[PDB]
Amino acid sequence: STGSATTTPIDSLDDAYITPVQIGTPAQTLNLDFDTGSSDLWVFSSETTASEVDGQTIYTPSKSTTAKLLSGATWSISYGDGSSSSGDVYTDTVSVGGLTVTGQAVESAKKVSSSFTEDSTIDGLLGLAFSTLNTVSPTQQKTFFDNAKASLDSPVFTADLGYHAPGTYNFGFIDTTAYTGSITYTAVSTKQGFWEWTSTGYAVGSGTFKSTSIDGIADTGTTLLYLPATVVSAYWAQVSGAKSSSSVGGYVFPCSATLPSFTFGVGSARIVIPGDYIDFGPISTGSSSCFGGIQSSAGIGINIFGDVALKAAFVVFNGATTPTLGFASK
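X-ray crystallography is the method the PDB entry lists for this structure, together with a resolution of 1.4390 Å.

Right, here's the structure in full:
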(Lines give C-alpha, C1' and ligand atoms only; values in the text may rest on other atoms or scores of the structure.)
Protein backbone atom coordinates (compact mmCIF):
# COMPACT_ATOMS: atom_id res chain seq x y z
CA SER A 1 0.00 0.00 0.00
CA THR A 2 0.84 3.68 -0.23
CA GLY A 3 -0.55 7.02 0.91
CA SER A 4 -0.12 10.57 -0.34
CA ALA A 5 -1.37 13.71 1.40
CA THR A 6 -0.89 17.42 0.83
CA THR A 7 0.60 19.43 3.68
CA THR A 8 -0.24 23.15 3.92
CA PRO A 9 1.45 26.02 5.77
CA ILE A 10 -0.68 27.36 8.64
CA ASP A 11 0.22 30.97 7.88
CA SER A 12 2.18 33.23 5.53
CA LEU A 13 5.48 32.53 7.35
CA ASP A 14 5.36 28.71 7.20
CA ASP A 15 5.30 28.62 11.01
CA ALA A 16 4.07 25.02 10.79
CA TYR A 17 2.36 22.67 8.33
CA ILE A 18 -0.97 20.85 8.66
CA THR A 19 -2.03 17.67 6.91
CA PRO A 20 -5.59 16.29 6.91
CA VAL A 21 -6.04 12.97 8.75
CA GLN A 22 -9.16 10.78 8.81
CA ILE A 23 -9.95 9.31 12.24
CA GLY A 24 -12.79 6.95 13.08
CA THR A 25 -15.94 5.67 11.42
CA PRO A 26 -17.52 7.62 9.88
CA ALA A 27 -14.35 9.60 9.24
CA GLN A 28 -13.64 12.66 11.35
CA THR A 29 -11.07 14.79 9.53
CA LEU A 30 -8.57 16.68 11.67
CA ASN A 31 -5.65 18.81 10.50
CA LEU A 32 -2.55 17.47 12.24
CA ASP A 33 1.03 18.71 12.53
CA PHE A 34 3.20 15.85 11.21
CA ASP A 35 6.20 15.81 13.53
CA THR A 36 9.30 13.71 12.80
CA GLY A 37 10.68 14.88 16.17
CA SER A 38 8.05 13.16 18.35
CA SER A 39 6.13 9.92 18.49
CA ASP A 40 2.62 10.59 19.82
CA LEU A 41 -0.50 10.99 17.69
CA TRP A 42 -2.68 13.21 19.83
CA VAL A 43 -5.80 15.24 19.11
CA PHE A 44 -8.07 17.92 20.44
CA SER A 45 -11.17 16.04 21.45
CA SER A 46 -14.56 16.05 23.11
CA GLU A 47 -12.63 15.36 26.33
CA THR A 48 -10.45 18.48 26.10
CA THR A 49 -11.11 21.02 28.85
CA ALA A 50 -13.62 23.37 27.24
CA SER A 51 -11.76 26.59 28.09
CA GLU A 52 -8.65 25.20 26.32
CA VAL A 53 -10.41 24.72 22.99
CA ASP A 54 -10.55 27.81 20.73
CA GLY A 55 -11.50 26.99 17.16
CA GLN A 56 -9.86 23.59 16.70
CA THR A 57 -11.71 20.67 15.18
CA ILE A 58 -12.19 17.96 17.80
CA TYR A 59 -12.26 14.17 17.69
CA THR A 60 -15.33 12.73 19.40
CA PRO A 61 -14.69 9.03 20.04
CA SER A 62 -18.28 8.34 21.11
CA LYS A 63 -19.35 9.16 17.52
CA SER A 64 -16.93 6.61 16.05
CA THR A 65 -18.15 3.04 15.76
CA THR A 66 -14.56 1.77 15.58
CA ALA A 67 -13.22 3.68 18.61
CA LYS A 68 -12.27 1.62 21.67
CA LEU A 69 -10.96 3.00 24.95
CA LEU A 70 -7.47 1.68 25.61
CA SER A 71 -8.26 0.92 29.20
CA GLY A 72 -5.90 2.38 31.79
CA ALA A 73 -3.67 4.12 29.26
CA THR A 74 -2.61 7.73 29.74
CA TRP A 75 -0.15 10.03 28.01
CA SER A 76 1.64 13.28 28.80
CA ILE A 77 4.13 15.12 26.64
CA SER A 78 6.22 18.27 26.85
CA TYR A 79 7.88 19.72 23.77
CA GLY A 80 11.05 21.74 23.30
CA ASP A 81 9.18 25.04 23.20
CA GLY A 82 7.64 24.59 26.64
CA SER A 83 4.24 23.52 25.34
CA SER A 84 2.46 20.41 26.60
CA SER A 85 -0.61 18.19 26.47
CA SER A 86 -1.95 15.10 28.21
CA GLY A 87 -4.92 12.77 28.35
CA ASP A 88 -6.19 9.23 27.75
CA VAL A 89 -6.11 6.90 24.74
CA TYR A 90 -8.42 5.25 22.25
CA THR A 91 -7.63 2.90 19.42
CA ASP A 92 -9.34 3.71 16.11
CA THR A 93 -8.94 3.62 12.35
CA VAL A 94 -6.63 6.31 11.03
CA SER A 95 -6.09 7.13 7.36
CA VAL A 96 -3.59 9.49 5.75
CA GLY A 97 -3.86 10.19 2.05
CA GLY A 98 -5.53 6.85 1.32
CA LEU A 99 -3.33 4.75 3.63
CA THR A 100 -5.29 3.13 6.45
CA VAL A 101 -4.15 1.80 9.81
CA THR A 102 -6.58 -0.06 12.03
CA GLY A 103 -6.01 -0.11 15.79
CA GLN A 104 -3.93 3.07 15.83
CA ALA A 105 -3.48 4.66 19.25
CA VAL A 106 -5.24 8.04 19.12
CA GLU A 107 -4.28 10.02 22.19
CA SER A 108 -7.20 12.16 23.30
CA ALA A 109 -6.24 15.42 25.00
CA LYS A 110 -7.83 16.24 28.32
CA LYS A 111 -5.48 19.19 28.80
CA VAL A 112 -3.40 21.31 26.41
CA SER A 113 -1.12 24.25 27.13
CA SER A 114 -1.85 27.79 26.05
CA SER A 115 0.30 27.65 22.90
CA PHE A 116 -1.93 24.91 21.50
CA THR A 117 -5.18 26.60 22.47
CA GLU A 118 -4.03 29.82 20.84
CA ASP A 119 -3.33 28.08 17.52
CA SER A 120 -6.73 27.45 15.97
CA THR A 121 -5.25 25.82 12.86
CA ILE A 122 -3.59 22.79 14.51
CA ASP A 123 -5.96 20.05 15.69
CA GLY A 124 -3.18 17.85 17.07
CA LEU A 125 0.12 16.18 16.23
CA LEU A 126 1.03 13.04 14.33
CA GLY A 127 4.42 11.82 15.50
CA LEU A 128 6.83 10.23 13.05
CA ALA A 129 9.97 9.76 15.14
CA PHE A 130 10.74 6.31 16.58
CA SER A 131 8.13 4.60 18.73
CA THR A 132 10.59 4.37 21.62
CA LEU A 133 9.72 8.04 22.35
CA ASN A 134 5.97 7.41 22.58
CA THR A 135 4.66 8.58 25.96
CA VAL A 136 1.69 6.23 26.49
CA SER A 137 1.77 4.49 29.87
CA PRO A 138 1.79 1.71 31.00
CA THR A 139 1.89 0.20 27.49
CA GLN A 140 3.91 2.22 25.00
CA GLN A 141 2.21 2.63 21.62
CA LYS A 142 3.44 2.60 18.02
CA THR A 143 3.44 5.51 15.59
CA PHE A 144 1.26 5.59 12.51
CA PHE A 145 4.32 4.86 10.36
CA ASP A 146 5.45 1.98 12.57
CA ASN A 147 1.96 0.42 12.34
CA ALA A 148 1.74 0.94 8.55
CA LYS A 149 5.29 -0.13 7.74
CA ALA A 150 4.90 -3.83 6.99
CA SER A 151 1.95 -3.08 4.66
CA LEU A 152 3.74 -0.38 2.69
CA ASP A 153 5.20 -1.10 -0.74
CA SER A 154 8.53 0.16 0.66
CA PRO A 155 9.15 0.96 4.35
CA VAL A 156 9.63 4.70 3.82
CA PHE A 157 7.91 8.04 4.04
CA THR A 158 8.95 11.28 2.38
CA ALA A 159 8.62 14.94 3.33
CA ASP A 160 8.39 17.54 0.56
CA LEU A 161 7.59 20.79 2.32
CA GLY A 162 6.89 23.92 0.35
CA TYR A 163 8.23 27.43 0.76
CA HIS A 164 5.18 29.64 1.26
CA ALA A 165 3.22 26.91 -0.55
CA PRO A 166 1.73 23.45 -0.08
CA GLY A 167 3.78 20.29 -0.23
CA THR A 168 3.45 16.55 0.18
CA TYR A 169 3.91 13.68 2.61
CA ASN A 170 4.10 10.30 0.87
CA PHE A 171 4.06 6.89 2.54
CA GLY A 172 5.42 3.73 0.99
CA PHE A 173 7.00 5.09 -2.18
CA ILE A 174 9.51 7.60 -3.53
CA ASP A 175 8.08 9.97 -6.16
CA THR A 176 10.98 10.21 -8.60
CA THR A 177 9.33 13.24 -10.26
CA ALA A 178 9.48 15.30 -7.05
CA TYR A 179 13.22 16.05 -6.94
CA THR A 180 16.15 16.92 -9.21
CA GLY A 181 19.39 14.99 -9.47
CA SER A 182 19.97 12.07 -7.13
CA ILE A 183 19.02 11.36 -3.52
CA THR A 184 22.04 11.20 -1.18
CA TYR A 185 21.55 8.82 1.72
CA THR A 186 23.22 9.24 5.08
CA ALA A 187 23.38 7.21 8.29
CA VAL A 188 20.89 7.55 11.14
CA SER A 189 21.29 6.92 14.83
CA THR A 190 18.09 5.92 16.60
CA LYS A 191 19.75 5.98 20.04
CA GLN A 192 17.83 9.09 21.18
CA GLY A 193 14.66 8.10 19.31
CA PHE A 194 15.09 10.72 16.57
CA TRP A 195 16.01 10.77 12.88
CA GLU A 196 19.50 11.78 13.98
CA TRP A 197 22.23 12.20 11.37
CA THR A 198 25.51 14.05 10.78
CA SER A 199 25.79 16.85 8.27
CA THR A 200 29.22 17.18 6.65
CA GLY A 201 29.40 20.97 6.88
CA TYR A 202 28.08 24.32 5.74
CA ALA A 203 28.57 27.43 3.65
CA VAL A 204 27.20 30.97 4.00
CA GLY A 205 26.09 32.59 0.75
CA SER A 206 28.72 32.26 -1.97
CA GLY A 207 31.39 31.53 0.65
CA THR A 208 33.63 28.50 0.78
CA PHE A 209 32.31 25.27 2.24
CA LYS A 210 33.48 24.44 5.75
CA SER A 211 33.89 20.72 6.31
CA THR A 212 32.78 19.96 9.84
CA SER A 213 30.53 17.31 11.38
CA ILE A 214 27.20 18.63 12.66
CA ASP A 215 25.07 16.05 14.47
CA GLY A 216 21.39 16.90 14.41
CA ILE A 217 17.82 15.74 13.88
CA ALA A 218 15.52 15.96 10.89
CA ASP A 219 12.46 17.48 12.55
CA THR A 220 9.42 18.51 10.54
CA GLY A 221 7.76 19.69 13.77
CA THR A 222 10.32 22.42 14.43
CA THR A 223 9.95 25.60 12.37
CA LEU A 224 13.53 26.90 12.33
CA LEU A 225 17.10 25.68 11.76
CA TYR A 226 19.01 25.38 15.06
CA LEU A 227 22.77 25.00 14.76
CA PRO A 228 25.88 25.51 16.90
CA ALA A 229 26.55 29.10 17.98
CA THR A 230 29.75 29.26 15.91
CA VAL A 231 27.86 28.40 12.68
CA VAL A 232 25.00 30.74 13.44
CA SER A 233 27.35 33.63 14.25
CA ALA A 234 29.17 33.08 10.95
CA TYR A 235 25.84 33.28 9.10
CA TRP A 236 24.49 36.44 10.73
CA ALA A 237 27.85 38.22 10.49
CA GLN A 238 27.10 38.43 6.77
CA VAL A 239 23.94 40.48 7.38
CA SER A 240 24.49 44.18 8.19
CA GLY A 241 22.76 45.10 11.42
CA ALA A 242 21.96 41.54 12.49
CA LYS A 243 22.34 40.81 16.18
CA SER A 244 21.33 38.36 18.85
CA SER A 245 18.62 39.87 21.05
CA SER A 246 18.08 38.34 24.47
CA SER A 247 14.81 40.27 24.81
CA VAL A 248 13.44 38.87 21.56
CA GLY A 249 14.98 35.43 22.08
CA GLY A 250 17.41 35.07 19.21
CA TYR A 251 18.91 36.65 16.13
CA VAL A 252 17.03 39.51 14.54
CA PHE A 253 17.95 41.51 11.46
CA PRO A 254 16.83 44.65 9.65
CA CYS A 255 13.81 43.85 7.52
CA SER A 256 15.46 45.92 4.75
CA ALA A 257 18.22 43.27 4.39
CA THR A 258 18.68 40.81 1.57
CA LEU A 259 19.59 37.54 3.28
CA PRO A 260 22.34 35.24 2.01
CA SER A 261 21.69 31.59 1.34
CA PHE A 262 22.84 28.83 3.68
CA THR A 263 24.20 25.53 2.40
CA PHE A 264 24.40 22.31 4.41
CA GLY A 265 26.25 19.13 3.52
CA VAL A 266 24.78 15.67 3.12
CA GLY A 267 27.74 13.43 2.46
CA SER A 268 29.41 14.90 -0.62
CA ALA A 269 26.11 16.55 -1.65
CA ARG A 270 24.89 20.06 -0.82
CA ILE A 271 21.44 21.43 -0.02
CA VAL A 272 21.03 25.17 -0.57
CA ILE A 273 18.55 27.09 1.56
CA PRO A 274 17.71 30.36 -0.24
CA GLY A 275 18.02 33.52 1.80
CA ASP A 276 14.29 34.23 1.62
CA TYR A 277 13.58 30.96 3.51
CA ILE A 278 15.45 32.44 6.49
CA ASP A 279 13.14 35.49 6.86
CA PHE A 280 10.44 35.06 9.54
CA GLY A 281 9.16 38.60 9.33
CA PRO A 282 8.66 41.46 11.78
CA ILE A 283 9.11 40.58 15.46
CA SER A 284 5.83 42.41 16.10
CA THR A 285 3.34 44.00 13.70
CA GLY A 286 4.84 47.09 12.08
CA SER A 287 8.38 46.49 13.33
CA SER A 288 11.36 46.91 11.06
CA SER A 289 13.23 44.23 13.04
CA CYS A 290 12.74 40.78 11.52
CA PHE A 291 13.21 37.38 13.12
CA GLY A 292 15.88 35.07 11.77
CA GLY A 293 15.26 31.54 10.58
CA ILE A 294 18.68 30.26 11.65
CA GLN A 295 19.16 30.27 15.42
CA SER A 296 21.56 28.88 18.00
CA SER A 297 20.98 25.41 19.40
CA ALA A 298 23.06 26.26 22.47
CA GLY A 299 21.01 25.25 25.47
CA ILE A 300 18.71 22.95 23.46
CA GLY A 301 21.22 20.13 23.73
CA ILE A 302 20.75 19.04 20.12
CA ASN A 303 21.01 20.60 16.67
CA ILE A 304 17.68 20.67 14.79
CA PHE A 305 17.24 20.58 11.03
CA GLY A 306 13.72 21.98 11.16
CA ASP A 307 11.40 23.18 8.39
CA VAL A 308 13.75 25.98 7.22
CA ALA A 309 16.26 23.32 6.21
CA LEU A 310 13.92 20.49 5.24
CA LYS A 311 11.74 22.58 2.92
CA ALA A 312 14.82 23.18 0.73
CA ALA A 313 14.98 19.42 0.05
CA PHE A 314 13.07 16.31 -0.83
CA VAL A 315 13.63 14.18 2.28
CA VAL A 316 13.38 10.39 2.52
CA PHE A 317 12.79 8.87 5.95
CA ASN A 318 13.88 5.30 5.29
CA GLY A 319 12.51 2.95 7.92
CA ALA A 320 14.28 -0.20 6.75
CA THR A 321 15.78 -2.48 9.41
CA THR A 322 18.75 -0.10 9.49
CA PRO A 323 17.11 3.30 9.05
CA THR A 324 18.69 6.02 6.90
CA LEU A 325 17.85 9.53 5.68
CA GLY A 326 17.95 10.71 2.09
CA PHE A 327 18.14 14.27 0.80
CA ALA A 328 17.73 15.58 -2.73
CA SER A 329 17.51 19.05 -4.20
CA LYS A 330 14.22 19.97 -5.85
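Caption draft 1: Region of interest: the side chain of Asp92. Positionally, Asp92 belongs in strand β6 (residues 84–96). In this structure the side chain of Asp92 is engaged in a polar contact, spanning 2.7 Å, whose partner is the side chain of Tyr59. Other than its neighbours up to four places away in sequence, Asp92 contacts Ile23, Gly24, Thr25, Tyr59, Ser64, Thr66, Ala67, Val101, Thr102, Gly103, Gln104 and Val106.

Caption draft 2: Geometry of the domain arrangement of the protein. Domain assignment breaks the protein into domain 1 (5–174) and domain 2 (175–330). Distance from the C-alpha centre of domain 1 to the C-alpha centre of domain 2: 25 Å. Listed per partner, the contact involves 30 residues of domain 1 and 33 residues of domain 2. Counting residues per element, the ones that place at least two in the side of domain 1 that touches domain 2 are β3 (28–35), β9 (156–160) and β10 (167–171). Partitioning the side of domain 1 that touches domain 2 into residue classes produces 18 nonpolar, six polar and six charged.

Caption draft 3: The arrangement of unusual backbone geometry in detail. The omega torsion of the bond from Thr25 to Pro26 falls at -10°, within 30 degrees of zero and hence cis. Along the chain, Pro26 falls in the loop between β2 (17–23) and β3. A positive phi is found at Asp14, a non-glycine position, where the angle reads about 60°. In this structure, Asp14 sits in the loop between β1 (3–9) and β2. On the accessibility criterion, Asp14 (0% relative accessible area) is buried. Backbone geometry places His164, a non-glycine residue, at a positive phi of 50°. Residue position: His164 is located in the loop between β9 and β10.

Cut-off values and rules
Residues numbered from 1 in each chain as written, not as in the entry; some residues may be left out. Heavy atoms only, no water. Residues with missing side-chain atoms left out of burial classes, pairs and counts. Helix = DSSP H or I, 4+ residues; strand = E, 2+ residues; numbered from the N terminus. Polar contact = N/O pair within 3.5 Å; in protein donor to acceptor, adjacent residues only side chain to side chain. Contact = heavy atoms within 4.5 Å. Domains from an automatic or database assignment. Nonpolar A, V, L, I, M, F, W, Y, C, P; charged D, E, K, R; others polar. Buried < 20%, exposed > 50% of the residue type's maximum accessible area, 1.4 Å probe, protein only.

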